[PDB]
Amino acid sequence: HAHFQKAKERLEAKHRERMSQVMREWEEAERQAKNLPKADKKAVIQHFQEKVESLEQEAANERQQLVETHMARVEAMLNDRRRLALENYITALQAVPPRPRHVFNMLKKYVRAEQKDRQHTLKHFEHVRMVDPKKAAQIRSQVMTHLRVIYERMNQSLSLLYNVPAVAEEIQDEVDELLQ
């Protein structure tokens, strides 16, 4: 996500630099227009106001596209991190004999992968809800659906632990720390 915060910061510096050039050009336009009629003086104001307006719109566009790519990329990576962890956890469960600490460390990596996915998803949805509530209402369903899926999957994965009760009893408390 460093990739993202860096892009984010640069997007801002770009927009802020562009916003500065406009405010200058405006100043000069104002001056190089003093020797002008009212209607022509009001045209300059309108003109730079519309210039600022389009600049803000394109920055909004860049920001949106940036998060969109970010979400896509992070989802593919999180999915893979989850798949590998789940495999290592299931494989630990079937070891003969099963080793409690090894099962726990693999389970922890898997739970953390799922928690990461849930957290990232929720944080991005909440960001939208805070800045643009009406827009959040539009993706609400898709988001909650993805969250429920993560919840069901993690719980089903955790339930596998009860197929090896001896192991479950030995790591139950630490597993609780994990979910608490």
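In this text, residue numbers run from 1 along the sequence as written.
Chemist: Per the entry, where is the mean C-alpha temperature factor higher: 21-29 or 160-168?
Modeler: If you average the C-alpha B-factors of 21-29 and of 160-168, the larger mean comes out for 21-29.
Chemist: Read off the CA B-factors in the entry, average them over 77-85 and over 100-108, and name the higher stretch.
Modeler: Higher mean C-alpha B-factor: 77-85.
Chemist: Which one, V44, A59, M130, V149, has the peak C-alpha temperature factor per the PDB entry?
Modeler: Of the candidates given, the C-alpha B-factor peaks at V44.
Chemist: Name the one of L122, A113, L36, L55 with the greatest CA B-factor according to the PDB entry.
Modeler: The record points to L36.
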